[PDB]
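Participant: Got a structure for you, questions after.
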Amino acid sequence: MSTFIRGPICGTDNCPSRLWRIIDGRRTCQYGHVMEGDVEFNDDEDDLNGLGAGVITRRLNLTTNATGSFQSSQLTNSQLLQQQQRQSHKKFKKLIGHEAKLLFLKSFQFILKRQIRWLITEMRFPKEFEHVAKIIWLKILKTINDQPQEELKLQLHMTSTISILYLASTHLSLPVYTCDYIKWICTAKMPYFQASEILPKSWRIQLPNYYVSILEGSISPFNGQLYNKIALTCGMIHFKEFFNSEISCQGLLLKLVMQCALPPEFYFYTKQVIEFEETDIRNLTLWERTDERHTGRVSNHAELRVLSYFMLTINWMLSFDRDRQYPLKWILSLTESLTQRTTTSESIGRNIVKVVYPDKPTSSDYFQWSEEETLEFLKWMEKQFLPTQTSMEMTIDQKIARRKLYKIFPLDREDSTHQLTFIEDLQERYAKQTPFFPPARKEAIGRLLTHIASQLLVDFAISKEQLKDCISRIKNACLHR
Amino acid sequence: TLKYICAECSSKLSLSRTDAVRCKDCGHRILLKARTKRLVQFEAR
Amino acid sequence: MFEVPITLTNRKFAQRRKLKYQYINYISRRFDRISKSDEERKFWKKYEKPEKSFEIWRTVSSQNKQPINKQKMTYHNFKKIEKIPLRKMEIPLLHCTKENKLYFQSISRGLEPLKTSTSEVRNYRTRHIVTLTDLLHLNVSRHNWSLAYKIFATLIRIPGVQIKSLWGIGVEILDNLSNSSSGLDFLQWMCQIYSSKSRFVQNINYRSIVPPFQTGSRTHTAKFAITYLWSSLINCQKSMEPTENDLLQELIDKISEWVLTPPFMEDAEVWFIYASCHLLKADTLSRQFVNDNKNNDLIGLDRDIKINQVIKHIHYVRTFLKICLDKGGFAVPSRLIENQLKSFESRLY
Amino acid sequence: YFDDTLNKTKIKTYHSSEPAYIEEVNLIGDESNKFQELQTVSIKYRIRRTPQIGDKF
Amino acid sequence: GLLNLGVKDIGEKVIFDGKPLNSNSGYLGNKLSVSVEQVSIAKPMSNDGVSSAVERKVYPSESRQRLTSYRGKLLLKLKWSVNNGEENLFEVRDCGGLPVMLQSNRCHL
Ligand SMILES: [Zn+2]
C-alpha cells in the first residue's frame with residue numbers, strides 16, 4: 001500500500017487517522033484525541049470588496065493548504081494529462097506491416113465464409129459445397145504462409161473470392177460463371193460488393209492498415225480481370241491436379257440455348273462441333289495455373305470457347321442449311337420476338353448488370369428502360385440498395401436532420417405475379433415463333449449474331465474483340481480437317 | 001435503465017458516458033433527470 | 001447523360017487540372033511579357049471569381065474601351081510565345097500517366113475531350129447513381145409522377161446527394177405529386193439545411209460545390225430560399241378572398257426574422273416579394289371591405305377603423321417598394337404597381 | 001465524479017444547517033460545441049419552512 | 001427607430017493615410033470616409049455545431065434553465081467610404097449578442 005503521513009499523524013497515540021470537525025474549526029484524531037491545530041484560516045467575513053486583481057491563482061505548483069489529510073495520490077511526474085490524453089486517444093489501430101496483414105488476411109477469411117453459406121442457402125448443396133470450399137482456401141492459405149517473412153502480395157482482389165467459390169463449385173461442378181455472376185449481382189446474393197459486413201465494425205477500424213479498407217467490392221470486373229485471377233488461383237492452387245472435371249457443364253449449353261433462340265437442335269449441333277475439334281471430343285477442363293504474371297491470351301478459358309463454338313455453330317449451321325430447314329423469315333422472327341421484354345427475374349438481373357455502365361452496349365437501355373423495367377428497377381433499389389449503409393458523430397444532429405429529411409419524402413408508398421417466371425417467358429417466345437412449319441438472310445444472320453454477341457459478351461469480360469480474338473482463334477483451330 | 005428527459009421534447013431517454021449531452025429526439029441541450037421508484041419515508045407533519 | 005450527385009472521382013482529373021493550369025500560367029506569363037495545385041489557385045487570383053450568379057453578365061452599356069488590339073496574331077507570333085511553355089510542360093508531362101500525356105497534348109493543340117469523365121467511372125456506388133439521376137430526368141420529361149417519386153426517394157438514400165437536383169427535382173416532383181407534400185415543407189427544410197449564414201466564397205477550388213443553386217447566406221442569395229418565399233406567397237393566394245389562417249402573417253414574420261443579414265442585407269426579391277406579400281394583404285382587406293362600399297350600403301359600422309388599418313399599410317408597402325428601388329433593385333416595374341395601388345386605393349374610397 | 005489527475009472518486013458535499021430535498025436536477029450541455037463529458041449540472045434544493053417561533057408575520 | 005437615428009447622427013470618422021503620394025501629401029494622400037448606415041437587431045437564435053445546424057428560435061425558459069444570457073445578434077451595416085466616394089464598401093458586421101428585452105419588439109414572446 002501507500003503510507004499515511006504527508007501532513008500530520010498524532011504523535012500522542014500512534015493513531016494515524018485524522019478527523020475534520022468543520023463546525024469546530026478543528027482537525028482532530030479520528031480514533032483517539034486532541035487538537036491537531038488550533039489555528040484555522042480562510043473563511044472570510046462580509047468585506048471582500050474585490051479590488052484584488054489577485055493575479056496569483058492556484059495552478060498546482062505551490063501545493064495547497066492540504067486541507068485533505070486524507071491522501072493516497074502517488075508519485076507524479078507533473079500533470080499526467082498529456083499522457084492521460086495520449087492514452088485516451090490511443091486505442092484506434094496504429095499498426096501496419098505483418099500484423100496488419102494477418103487481419104487483412106483474417107477479414108478476407110471471414111467474408112468468403114459468409115459468401116459460402118449464402119451459397120448453401122441459395123443452392124442447397126450439403127456439407128459438400130461447404131467443406132470443399134474450406135480446404136480450397138486452406139490450400140490457398142498454405143501458400144501465403146510460405147512466402148511470408150514480409151511478403152505482402154496476397155492477390156485475392158475483389159475477384160479472388162468468387163474465383164475461389166467458382167473453382168470449388170466446378171470441382172463439384174454445380175453451375176456456370178456468367179449465370180452465377182448475373183444472379184449474384186441481381187440479388188446481391190454475394191456480400192461481395194460491400195466489405196462493411198464481416199462483423200469488423202472492429203476489423204473496419206483496426207486501421208486494417210491499408211489492407212482491409214481495400215476490401216469492399218472496390219469495383220466491377222473488366223474484360224479479363226476476372227478470368228485472369230481464376231487462372232492465377234489455379235496456378236496458386238495447382239487446382240487441375242487436385243479437382244476433377246473443371247470447366248465442363250452440359251448445363252452451360254442448356255442455359256445458352258434457352259438463353260434465347262433455344263433450338264431443340266442447336267444444343268446438339270454445338271455439342272457436336274464441340275464434339276468435333278473442341279479439345280478432341282472432350283469436355284474442356286479448367287485452364288491451368290497460369291503461373292506467369294503477364295497473363296496472356298490464355299484463351300483456353302473453357303467457357304469462353306464454349307460461347308465461341310456456340311456463336312460459330314449458329315451462323316455456320318444457319319448459313320448453309322441447304323435443305324432450307326430454317327426459313328428466311330424465320331431467322332428475323334426469332335431476333336424479333338427477342339427484342340427486350342420483361343424477365344421473371346433474369347432479364348431484370350441482366351439490366352442490373354448492364355448498369356455497371358461499361359462499354360455502352362447496355363448504357364442506352366439505360367436510357368430506354370422499357371417502362372416498368374423502369375419500375376421493377378426502382379423496386380429492386382428500394383429492397384436491395386437499403387443495406388446501402390447502416391455521419392458517425394458530426395452532430396447526433398445531422399443524423400437527426402438526415403432522418404427528418406427521409407421522413408419528409410417518406411419515399412416508399414407515400415391473375416397476379418405480373419413479372420411472370422423464367423420458363424414462362426421462355427415458353428411464350430418459342431410460341432411467338434411457333435409458326436415454323438440471298439443477300440437479305442445473310443444480313444439477318446449477321447444481325448442476329450451481333451445480338452447474342454451482345455448477350456453472352458455482356459454477362460462476361462467481353463473484349464469487343466478478344467471475344468472475337470477468341471472467335472478468330474478457334475476459327476483457325478477448325479480448318480485442320 | 002437510468003433516465004433523462006428532454007426539457008423541450010418530453011422524450012424520455014437514457015444518456016451514457018459515451019453519448020453527447022443532447023436531446024436525441026429534438027436536439028436540445030437541456031435534460032431533466034427523471035424520478036424513479038425510490039423508497040422515501042416521511043414524517044406526516 | 002444528366003448532372004451527377006457526387007464529388008468527381010478525384011484521381012486523374014486533379015492532375016489533368018495541374019497540367020492545364022501550369023501550361024496556362026506558363027503561356028500566360030510569356031504573353032503578359034509579350035506585352036511589356038498552387039498554380040491553379042494563382043490562375044483564379046489572376047482571373048478572379050464570378051460572383052453569386054452564373055455568368056459575369058453585367059450590362060454592356062457604359063464603358064467604351066477601344067478594343068482594336070489588331071489581329072495581333074501572326075502564326076509566327078503565337079509560336080514565339082508557345083515554343084518554351086510546351087518544353088516546360090513536358091517535364092511534368094513525363095511523370096504523368098500515358099492517358100494524361102495525350103489528354104494534355106490534345107488540349108494544348110486545342111482539341112476538346114468527347115470522353116465525359118462521368119462516362120467511365122466504374123464504381124458500384126457511383127455508376128448506379130448515374131443510373132438513377134438519368135432515370136428521374138427522363139421520367140419528369142414525361143411527367144411520370146408515380147415513378148419519378150420512387151427514383152427520387154431512392155436517389156437521396158444512396159450516399160451521393162448534395163442538395164443538388166435533390167432540391168431542384170425535389171420541389172417539382174412535389175408539385176407534380178398531387179399527393180403528399182408541398183415543396184414548401186421540403187423548401188423550408190432546405191432553407192434550414194442551407195442557411196449557411198456565413199460570408200465567404202472564392203479562396204479554394206470549388207470543384208464539387210460550384211453551382212449558385214446550393215450555397216449562400218452571407219451574400220450569395222440562395223435560390224431555394226427565394227423559391228420558398230415565392231411558392232409561399234402563391235400558396236397564400238389560392239382560395240384567399242375567392243384563426244387557422246395565419247399564413248400571410250407567418251410569411252410576414254418569417255421574412256422579418258431576416259431583417260438584413262444576408263437576405264435584405266442583400267436587396268431585391270427579398271424586399272420586393274415582401275412588399276408583394278404585403279400588397280396582397282392590402283387587397284384582401286379592401287375586398288373584405290370593398291364590394292358595394294365595403295360589403296354594401298355604407299358602414300356606419302363605427303366610422304372606418306378598417307380604412308385606417310389599410311391606409312397605414314398602403315403607406316408602408318410604398319416604403320418597401322421605394323427602398324427596394326433605391327438600393328439598386330432593377331426587378332420592379334414601378335409605373336404599373338403605383339397605377340394598380342392608386343386605382344385600388346380608389347376602391348377604398 | 002472522477003478526476004483522472006487524482007485517480008480518486010470525489011464528491012461535492014452539501015453544507016447547510018438544515019436538510020432539503022432535491023427537487024430537480026438539470027443537465028446542461030448547452031452553448032457547448034462538444035462537451036461530451038457533461039460538466040455542468042444544476043441541482044435545485046427544496047427547504048421547507050414551517051411557521052416557527054420567531055418567524056415574522 | 002431611435003437607434004438608427006443615432007447612427008445617422010454620429011456621421012463619419014475620417015482618416016488620411018498621412019497624405020502620402022509624393023501637393024500629394026499636403027492635400028491628403030486620399031480620403032477614407034467611414035460610417036455606419038443601418039443597425040439591425042435579431043431575435044435570439046442559436047445554431048449548434050456551428051454552421052450546418054439548422055437554427056432554432058431561442059425562448060427565455062432556456063436562457064433561465066441554462067443560467068445564461070438571452071442575447072440577440074446585433075448587426076450594423078458598416079460603410080467604408082474611400083476617397084470621399086471614389087470607392088464605397090459596405091459590410092454588415094456581426095457585433096455579438098445584444099441582450100434583448102422580454103416582450104419587446106425583438107423577443108419571441
Ligand atoms: Zn426534445
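Ordering of the C-alpha cells sets the chain letters (A, B, ...), residue numbers begin anew at 1 in every chain, and ligands are numbered from 1 in the order given.
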Counting only C-alpha atoms, which residues of chain B come no farther than 10 Å from chain A, as a PDB file with N, CA and C atoms, in the first residue's frame?

Facilitator:
ATOM      1  N   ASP B  19     -22.249   9.174 -24.875  1.00  0.00           N
ATOM      2  CA  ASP B  19     -23.075   9.901 -25.819  1.00  0.00           C
ATOM      3  C   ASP B  19     -23.128  11.385 -25.485  1.00  0.00           C
ATOM      4  N   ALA B  20     -23.405  12.175 -26.521  1.00  0.00           N
ATOM      5  CA  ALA B  20     -23.481  13.628 -26.422  1.00  0.00           C
ATOM      6  C   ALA B  20     -24.654  14.068 -25.561  1.00  0.00           C
ATOM      7  N   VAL B  21     -24.423  15.085 -24.737  1.00  0.00           N
ATOM      8  CA  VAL B  21     -25.464  15.574 -23.847  1.00  0.00           C
ATOM      9  C   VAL B  21     -26.440  16.424 -24.647  1.00  0.00           C
ATOM     10  N   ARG B  22     -27.352  15.765 -25.357  1.00  0.00           N
ATOM     11  CA  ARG B  22     -28.264  16.436 -26.269  1.00  0.00           C
ATOM     12  C   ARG B  22     -29.519  15.585 -26.375  1.00  0.00           C
ATOM     13  N   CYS B  23     -30.654  16.232 -26.621  1.00  0.00           N
ATOM     14  CA  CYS B  23     -31.914  15.521 -26.781  1.00  0.00           C
ATOM     15  C   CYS B  23     -31.830  14.749 -28.091  1.00  0.00           C
ATOM     16  N   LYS B  24     -31.886  13.424 -28.005  1.00  0.00           N
ATOM     17  CA  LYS B  24     -31.769  12.589 -29.192  1.00  0.00           C
ATOM     18  C   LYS B  24     -32.971  12.647 -30.109  1.00  0.00           C
ATOM     19  N   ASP B  25     -34.083  13.199 -29.659  1.00  0.00           N
ATOM     20  CA  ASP B  25     -35.259  13.273 -30.496  1.00  0.00           C
ATOM     21  C   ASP B  25     -35.513  14.663 -31.028  1.00  0.00           C
ATOM     22  N   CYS B  26     -34.943  15.663 -30.364  1.00  0.00           N
ATOM     23  CA  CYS B  26     -35.115  17.051 -30.763  1.00  0.00           C
ATOM     24  C   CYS B  26     -33.771  17.715 -31.026  1.00  0.00           C
ATOM     25  N   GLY B  27     -32.819  17.523 -30.117  1.00  0.00           N
ATOM     26  CA  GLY B  27     -31.522  18.115 -30.293  1.00  0.00           C
ATOM     27  C   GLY B  27     -31.247  19.099 -29.205  1.00  0.00           C
ATOM     28  N   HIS B  28     -32.139  19.183 -28.226  1.00  0.00           N
ATOM     29  CA  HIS B  28     -31.983  20.107 -27.129  1.00  0.00           C
ATOM     30  C   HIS B  28     -30.748  19.746 -26.323  1.00  0.00           C
TER      31      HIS B  28
END

Participant: Please check the contacts: residues of chain C at most 8 Å away from chain E, using only C-alpha atoms, listed as JSON, numbers by chain.

Facilitator: {"C": [192, 193, 194, 195, 196, 197, 198, 257, 258, 259, 260, 261, 265]}

Participant: Mind the document's chain letters and residue numbers, and return as a list in words the residues of chain D that DSSP labels strand (DSSP E).

Facilitator: residues 2, 3, 8, 9, 21, 22, 23, 24, 25, 26, 27, 28, 40, 41, 42, 43, 44, 45 and 46 of chain D

Participant: Neighbouring residues of range 11-14 of chain D were defined as those with any atom within 12 Å, considering only C-alpha atoms; residues of the same chain fewer than 4 positions away were excluded. Please report them as a list in words.

Facilitator: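 My reading of the contact set: residues 1, 2, 3, 18, 19, 20, 21, 22, 41, 43, 44 and 45 of chain D.
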
Participant: Residues of chain E no more than 9 Å from chain B, counting only C-alpha atoms: send them over as a PyMOL selection string.

Facilitator: chain E and resi 62+65-66

Participant: Would you pick out the contacts of residue 107 in chain E at 9 Å or less, using only C-alpha atoms, so that residues sharing its chain but fewer than 2 positions from it are not included, and give the list as a list in words?

Facilitator: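 The residues satisfying every condition are residues 42, 43, 44, 59, 60, 72, 100, 101, 102, 103, 104, 105 and 109 of chain E.
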
Participant: Kindly export the residues of the current selection with N, CA and C atoms, as a short mmCIF file (atom, residue, chain, number, x, y, z; two decimals), in the first residue's frame.

Facilitator:
data_model
loop_
_atom_site.label_atom_id
_atom_site.label_comp_id
_atom_site.auth_asym_id
_atom_site.auth_seq_id
_atom_site.Cartn_x
_atom_site.Cartn_y
_atom_site.Cartn_z
N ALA E 42 -31.73 41.22 -34.13
CA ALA E 42 -32.43 39.99 -34.47
C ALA E 42 -32.89 39.26 -33.22
N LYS E 43 -33.96 38.49 -33.37
CA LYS E 43 -34.48 37.76 -32.24
C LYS E 43 -33.48 36.67 -31.86
N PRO E 44 -33.42 36.32 -30.62
CA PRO E 44 -32.43 35.33 -30.18
C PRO E 44 -32.44 34.06 -31.00
N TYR E 59 -36.00 30.56 -26.68
CA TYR E 59 -37.03 31.10 -25.83
C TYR E 59 -36.42 31.38 -24.47
N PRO E 60 -36.99 32.30 -23.71
CA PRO E 60 -36.36 32.66 -22.44
C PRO E 60 -36.19 31.49 -21.48
N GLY E 72 -29.39 38.69 -28.36
CA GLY E 72 -29.75 38.80 -29.77
C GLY E 72 -28.54 39.23 -30.57
N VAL E 100 -31.60 41.27 -25.21
CA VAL E 100 -32.89 41.74 -25.68
C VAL E 100 -33.89 41.78 -24.53
N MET E 101 -34.76 42.79 -24.55
CA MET E 101 -35.82 42.94 -23.56
C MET E 101 -36.99 42.01 -23.85
N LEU E 102 -37.54 41.42 -22.80
CA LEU E 102 -38.61 40.45 -22.97
C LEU E 102 -39.90 41.16 -23.34
N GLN E 103 -40.71 40.51 -24.17
CA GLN E 103 -41.92 41.12 -24.69
C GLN E 103 -41.62 42.39 -25.45
N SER E 104 -40.38 42.59 -25.83
CA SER E 104 -40.13 43.74 -26.66
C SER E 104 -40.39 43.38 -28.11
N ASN E 105 -40.31 44.39 -28.95
CA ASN E 105 -40.49 44.17 -30.37
C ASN E 105 -39.40 43.28 -30.94
N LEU E 109 -41.57 36.36 -27.34
CA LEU E 109 -42.81 36.39 -26.59
C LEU E 109 -43.58 37.68 -26.74
#

Participant: May I have the residues within 12 Å of residue 18 in chain B as a list in words, using only C-alpha atoms and disregarding those fewer than 4 positions away in the same chain?

Facilitator: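 Those residues are residues 393 of chain A; 14 and 22 of chain B; 35, 36, 37 and 38 of chain D.
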
Participant: Which residues of chain C have any atom within 10 Å of an atom in chain A when counting only C-alpha atoms, and what is the closest pair of atoms for each, with the distance in Å to one decimal? Order the rows by chain and rising number and write it as JSON lines.

Facilitator:
{"residue": "C:1", "atom": "CA", "partner": "A:367", "partner_atom": "CA", "distance": 8.8}
{"residue": "C:119", "atom": "CA", "partner": "A:357", "partner_atom": "CA", "distance": 7.8}
{"residue": "C:120", "atom": "CA", "partner": "A:358", "partner_atom": "CA", "distance": 7.1}
{"residue": "C:121", "atom": "CA", "partner": "A:357", "partner_atom": "CA", "distance": 8.7}
{"residue": "C:122", "atom": "CA", "partner": "A:219", "partner_atom": "CA", "distance": 6.5}
{"residue": "C:123", "atom": "CA", "partner": "A:219", "partner_atom": "CA", "distance": 5.2}
{"residue": "C:124", "atom": "CA", "partner": "A:219", "partner_atom": "CA", "distance": 6.0}
{"residue": "C:125", "atom": "CA", "partner": "A:219", "partner_atom": "CA", "distance": 8.7}
{"residue": "C:126", "atom": "CA", "partner": "A:356", "partner_atom": "CA", "distance": 9.3}
{"residue": "C:127", "atom": "CA", "partner": "A:356", "partner_atom": "CA", "distance": 5.9}
{"residue": "C:128", "atom": "CA", "partner": "A:355", "partner_atom": "CA", "distance": 6.3}
{"residue": "C:129", "atom": "CA", "partner": "A:355", "partner_atom": "CA", "distance": 9.7}
{"residue": "C:130", "atom": "CA", "partner": "A:357", "partner_atom": "CA", "distance": 8.7}
{"residue": "C:131", "atom": "CA", "partner": "A:355", "partner_atom": "CA", "distance": 6.5}
{"residue": "C:132", "atom": "CA", "partner": "A:378", "partner_atom": "CA", "distance": 8.8}
{"residue": "C:134", "atom": "CA", "partner": "A:367", "partner_atom": "CA", "distance": 7.4}
{"residue": "C:135", "atom": "CA", "partner": "A:367", "partner_atom": "CA", "distance": 7.2}
{"residue": "C:136", "atom": "CA", "partner": "A:374", "partner_atom": "CA", "distance": 10.0}
{"residue": "C:138", "atom": "CA", "partner": "A:367", "partner_atom": "CA", "distance": 7.8}
{"residue": "C:139", "atom": "CA", "partner": "A:374", "partner_atom": "CA", "distance": 9.5}
{"residue": "C:146", "atom": "CA", "partner": "A:413", "partner_atom": "CA", "distance": 9.4}
{"residue": "C:147", "atom": "CA", "partner": "A:375", "partner_atom": "CA", "distance": 6.7}
{"residue": "C:148", "atom": "CA", "partner": "A:378", "partner_atom": "CA", "distance": 9.6}
{"residue": "C:149", "atom": "CA", "partner": "A:411", "partner_atom": "CA", "distance": 7.0}
{"residue": "C:150", "atom": "CA", "partner": "A:411", "partner_atom": "CA", "distance": 6.2}
{"residue": "C:151", "atom": "CA", "partner": "A:378", "partner_atom": "CA", "distance": 6.1}
{"residue": "C:152", "atom": "CA", "partner": "A:411", "partner_atom": "CA", "distance": 7.9}
{"residue": "C:153", "atom": "CA", "partner": "A:411", "partner_atom": "CA", "distance": 4.6}
{"residue": "C:154", "atom": "CA", "partner": "A:382", "partner_atom": "CA", "distance": 6.5}
{"residue": "C:155", "atom": "CA", "partner": "A:381", "partner_atom": "CA", "distance": 9.4}
{"residue": "C:156", "atom": "CA", "partner": "A:406", "partner_atom": "CA", "distance": 8.3}
{"residue": "C:157", "atom": "CA", "partner": "A:406", "partner_atom": "CA", "distance": 7.7}
{"residue": "C:158", "atom": "CA", "partner": "A:388", "partner_atom": "CA", "distance": 6.5}
{"residue": "C:159", "atom": "CA", "partner": "A:389", "partner_atom": "CA", "distance": 8.0}
{"residue": "C:170", "atom": "CA", "partner": "A:409", "partner_atom": "CA", "distance": 8.6}
{"residue": "C:174", "atom": "CA", "partner": "A:409", "partner_atom": "CA", "distance": 8.9}
{"residue": "C:179", "atom": "CA", "partner": "A:414", "partner_atom": "CA", "distance": 8.0}
{"residue": "C:180", "atom": "CA", "partner": "A:414", "partner_atom": "CA", "distance": 6.8}
{"residue": "C:181", "atom": "CA", "partner": "A:409", "partner_atom": "CA", "distance": 7.8}
{"residue": "C:183", "atom": "CA", "partner": "A:409", "partner_atom": "CA", "distance": 9.9}
{"residue": "C:185", "atom": "CA", "partner": "A:408", "partner_atom": "CA", "distance": 8.0}
{"residue": "C:186", "atom": "CA", "partner": "A:408", "partner_atom": "CA", "distance": 7.0}
{"residue": "C:189", "atom": "CA", "partner": "A:405", "partner_atom": "CA", "distance": 7.6}
{"residue": "C:190", "atom": "CA", "partner": "A:405", "partner_atom": "CA", "distance": 9.2}
{"residue": "C:192", "atom": "CA", "partner": "A:401", "partner_atom": "CA", "distance": 9.9}
{"residue": "C:193", "atom": "CA", "partner": "A:401", "partner_atom": "CA", "distance": 8.2}

Participant: Show me, as a PyMOL selection string, every residue of chain D with an atom at most 12 Å from chain E, counting only C-alpha atoms.

Facilitator: chain D and resi 24-35+40-44

Participant: With a distance threshold of 8 Å and counting only C-alpha atoms, extract the residues of chain A near chain D and express them as a PyMOL selection string.

Facilitator: chain A and resi 73+79-81+84

Participant: Run DSSP on the backbone and grab whatever in range 361-443 of chain A lands in helix (DSSP H, G or I); send it over as number ranges by chain.

Facilitator: A: 363-368, 372-384, 395-408, 422-432, 439-443

Participant: If I take CA of residue 307 in chain A and CA of residue 463 in chain A, how far is one from the other in Å, to one decimal?

Facilitator: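 Taking CA of residue 307 in chain A and CA of residue 463 in chain A, their separation equals 13.5 Å.
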
Participant: Name all residues at most 10 Å from range 13-15 of chain E (count only C-alpha atoms; drop same-chain ones fewer than 4 positions away) and give them as a PyMOL selection string.

Facilitator: chain E and resi 19+28-36+81-84

Participant: To one decimal place in Å, what is the distance between CA of residue 267 in chain C and CA of residue 87 in chain E?

Facilitator: 19.6 Å

Participant: Please indicate the distance in Å from CA of residue 229 in chain C to CA of residue 3 in chain E, rounded to one decimal place.

Facilitator: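 So the answer is 29.0 Å.
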
Participant: Could you list, as a PyMOL selection string, every residue within 12 Å of residue 326 in chain C, counting only C-alpha atoms and ignoring same-chain residues fewer than 5 positions away?

Facilitator: chain C and resi 267-268+271-272+319-321+331-332+334

Participant: Take the residues from that selection and put them in a file with N, CA, C and O atoms, as a CSV table (one decimal), in the first residue's frame.

Facilitator:
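As written to disk, selection-v6.csv reads:
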chain,number,residue,atom,x,y,z
C,267,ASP,N,-30.7,43.0,-50.6
C,267,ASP,CA,-31.6,43.6,-51.6
C,267,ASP,C,-32.5,42.8,-52.5
C,267,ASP,O,-32.3,41.6,-52.6
C,268,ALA,N,-33.4,43.4,-53.2
C,268,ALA,CA,-34.3,42.8,-54.1
C,268,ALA,C,-35.4,41.8,-53.7
C,268,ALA,O,-36.0,41.9,-52.6
C,271,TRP,N,-36.8,42.3,-50.5
C,271,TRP,CA,-37.6,43.4,-50.2
C,271,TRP,C,-38.8,43.3,-51.1
C,271,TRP,O,-40.0,43.5,-50.6
C,272,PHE,N,-38.6,43.0,-52.4
C,272,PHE,CA,-39.7,43.1,-53.3
C,272,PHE,C,-40.9,42.2,-53.1
C,272,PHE,O,-42.1,42.7,-53.0
C,319,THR,N,-43.2,52.3,-48.9
C,319,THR,CA,-41.9,52.5,-48.3
C,319,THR,C,-41.0,51.3,-48.7
C,319,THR,O,-39.9,51.5,-49.2
C,320,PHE,N,-41.5,50.0,-48.6
C,320,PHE,CA,-40.8,48.8,-49.0
C,320,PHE,C,-40.5,48.7,-50.5
C,320,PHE,O,-39.3,48.5,-50.9
C,321,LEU,N,-41.4,49.1,-51.4
C,321,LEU,CA,-41.2,49.2,-52.8
C,321,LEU,C,-40.1,50.3,-53.1
C,321,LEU,O,-39.2,50.0,-54.0
C,331,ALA,N,-35.5,44.8,-60.5
C,331,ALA,CA,-36.7,43.9,-60.5
C,331,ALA,C,-38.1,44.4,-60.7
C,331,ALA,O,-38.9,43.8,-61.3
C,332,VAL,N,-38.3,45.7,-60.3
C,332,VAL,CA,-39.7,46.2,-60.1
C,332,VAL,C,-40.1,47.2,-61.2
C,332,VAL,O,-39.6,48.4,-61.2
C,334,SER,N,-42.0,49.9,-61.5
C,334,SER,CA,-42.7,50.8,-60.6
C,334,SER,C,-44.0,51.4,-61.1
C,334,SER,O,-45.0,51.4,-60.4
